[PDB]
Structure formats: C-alpha cells, structure tokens
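Q: Dumping the structure here so I can ask a few things about it.
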Amino acid sequence: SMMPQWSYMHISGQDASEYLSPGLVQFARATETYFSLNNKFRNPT
Amino acid sequence: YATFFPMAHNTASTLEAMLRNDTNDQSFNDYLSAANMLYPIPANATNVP
Amino acid sequence: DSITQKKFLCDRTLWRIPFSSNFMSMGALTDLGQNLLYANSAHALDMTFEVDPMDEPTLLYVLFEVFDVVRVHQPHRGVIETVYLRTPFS
C-alpha cells in the first residue's frame with residue numbers, strides 16, 4: 001500500500017524543504033536571522 | 001492588542017504573492033497528539049475491564 | 001527481630017508504552033502501523049487492569065497516541081480554507 005493521504009497531509013514522503021517552490025526556499029534561507037519561518041510546515045519522518 | 005513588523009512594502013507584496021500558491025499551504029499538529037478517554041472505578045474496586 | 005518493607009513512588013509523570021516491534025524509538029511514524037495496514041484489516045481490542053483498593057470512586061484515564069494535523073490555504077484577499085485530519089478517529 002502507498003496510501004497518498006499521508007503524502008498529502010505531509011505525514012510521510014518528502015520533507016518541507018523539497019516540495020516547496022524553490023523561490024520560497026531561497027527566501028526563507030535569506031532572512032532566517034530576524035524573521036523565522038522554518039517551523040510552519042510538517043517535514044515529518 | 002496586536003503587533004506588526006516594519007517590512008518593506010514591495011518585499012512584503014512579493015512574499016504574499018508567493019504565499020498564495022496552492023502548493024504552498026500550512027501544516028500543523030498538536031504536540032500532545034492523542035485521544036482522551038476515561039472510565040470509572042467504584043470504591044474498593046480492584047479489577048478494571 | 002524485625003521485618004522489612006520496600007516501596008517506590010514517582011509522581012508527575014505518565015505510564016507510556018510504544019507501539020514498536022522492539023519498543024524502541026526510531027521514527028515519528030512507527031513501523032507497526034505500516035505493517036498492520038499491511039496486515040490490512042479491522043480489529044477489536046481488549047485491555048485488563050489490576051490496581052490497588054481505594055477509598056472512593058476514581059477514574060482510569062487513558063490516551064491513545066495518534067496523529068492529528070490540519071491545513072490552511074488562503075486563495076484571495078480575506079479567505080481561509082482549512083482541512084483537519086486525525087488518523088484512527090474522525
């Protein structure tokens with residue numbers, strides 16, 4: 001079984017960094033010191 | 001009461017536009033992550049099913 | 001000539017048991033879940049507890065540890081779209 005619901009709700013599969021649009025990843029990397037975002041997504045294991 | 005940030009305008013506009021793509025979203029989970037239940041015990045009971 | 005008594009106690013805590021094949025902690029999503037939906041079926045369960053007598057009625061309080069998450073999307077100005085989900089219980 002490969003029930004896709006877990007992928008949809010970010011229960012398994014990819015971490016937050018991958019599936020997000022590249023521009024968002026770049027922006028988050030840019031200004032992490034004074035405006036945090038790295039904990040608004042699941043990135044499970 | 002509410003607090004804001006002194007973000008530069010066009011930067012904020014670009015961020016907001018990049019934040020409305022259906023591939024972008026929001027995930028959240030409770031740190032407890034469980035379901036609660038409780039059951040009764042009459043006085044001087046010792047076995048529970 | 002006397003006799004001895006041993007006791008132990010520990011407050012502020014909970015009794016926890018993990019659903020692992022070896023009880024170890026090696027991942028948010030346990031293997032046994034994937035295996036028992038690879039043992040895809042419907043099961044009914046029972047539990048039995050033995051305790052010590054108490055003066056007055058009390059409560060056995062239990063927690064089934066499960067996933068529960070929720071999503072949020074705003075397409076346009078001033079609109080919120082949200083969808084919740086917990087795994088075993090809805």
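In the structure tokens, each chain is lettered A, B, ... as it comes, each chain's residues begin at 1, and ligands are numbered from 1 in order of appearance.
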Quick check: residues of chain B within 10 Å of chain C, only C-alpha atoms, returned as a PyMOL selection string.
A: chain B and resi 17+19-49
Q: Find the residues of chain A in contact range of chain B, meaning any atom within 9 Å when counting only C-alpha atoms, and list them as a ChimeraX atom specification.
A: /A:9-10,19-21,23-24,27,40-42
Q: If you keep N, CA and C atoms, can you produce a file of those selected residues as an mmCIF file, in the first residue's frame?
A:
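Dumped to selection07.cif:
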data_model
loop_
_atom_site.group_PDB
_atom_site.id
_atom_site.type_symbol
_atom_site.label_atom_id
_atom_site.label_comp_id
_atom_site.auth_asym_id
_atom_site.auth_seq_id
_atom_site.Cartn_x
_atom_site.Cartn_y
_atom_site.Cartn_z
ATOM 1 N N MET A 9 -1.102 15.126 3.524
ATOM 2 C CA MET A 9 -1.007 15.824 4.795
ATOM 3 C C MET A 9 0.414 15.888 5.321
ATOM 4 N N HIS A 10 1.401 15.606 4.477
ATOM 5 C CA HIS A 10 2.804 15.652 4.867
ATOM 6 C C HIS A 10 3.050 14.799 6.108
ATOM 7 N N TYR A 19 9.329 19.818 -1.325
ATOM 8 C CA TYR A 19 8.112 20.044 -2.096
ATOM 9 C C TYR A 19 7.786 21.518 -2.275
ATOM 10 N N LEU A 20 8.342 22.389 -1.444
ATOM 11 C CA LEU A 20 8.044 23.806 -1.557
ATOM 12 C C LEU A 20 8.659 24.386 -2.824
ATOM 13 N N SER A 21 8.050 25.458 -3.315
ATOM 14 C CA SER A 21 8.565 26.121 -4.501
ATOM 15 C C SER A 21 9.959 26.674 -4.220
ATOM 16 N N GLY A 23 11.590 29.339 -4.955
ATOM 17 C CA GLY A 23 11.668 30.721 -4.517
ATOM 18 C C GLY A 23 11.414 30.866 -3.032
ATOM 19 N N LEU A 24 10.451 30.107 -2.510
ATOM 20 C CA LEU A 24 10.173 30.165 -1.082
ATOM 21 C C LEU A 24 11.356 29.660 -0.273
ATOM 22 N N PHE A 27 13.950 32.389 -0.240
ATOM 23 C CA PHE A 27 13.564 33.495 0.624
ATOM 24 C C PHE A 27 13.731 33.129 2.090
ATOM 25 N N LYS A 40 6.729 26.321 10.096
ATOM 26 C CA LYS A 40 5.333 26.460 9.697
ATOM 27 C C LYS A 40 4.906 25.330 8.769
ATOM 28 N N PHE A 41 5.677 24.247 8.729
ATOM 29 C CA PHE A 41 5.399 23.112 7.866
ATOM 30 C C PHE A 41 5.805 21.839 8.593
ATOM 31 N N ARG A 42 5.325 20.702 8.090
ATOM 32 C CA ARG A 42 5.436 19.463 8.855
ATOM 33 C C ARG A 42 6.854 18.902 8.837
#
Q: Would you write out, as a Markdown table, a table of all residues in chain A that have an atom no more than 9 Å from an atom of chain C, listing for each the closest atom pair and the distance in Å to one decimal, considering only C-alpha atoms and ordering rows by chain and rising residue number?
A:
| residue | atom | partner | partner_atom | distance |
| --- | --- | --- | --- | --- |
| A:1 | CA | C:38 | CA | 7.0 |
| A:9 | CA | C:69 | CA | 7.5 |
| A:11 | CA | C:29 | CA | 8.0 |
| A:12 | CA | C:29 | CA | 8.0 |
| A:44 | CA | C:28 | CA | 7.2 |
| A:45 | CA | C:28 | CA | 5.6 |
Q: Just give me the gap between CA of residue 16 in chain A and CA of residue 31 in chain A in Å, one decimal is fine.
A: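 Rounded to one decimal, the two atoms are 17.2 Å apart.
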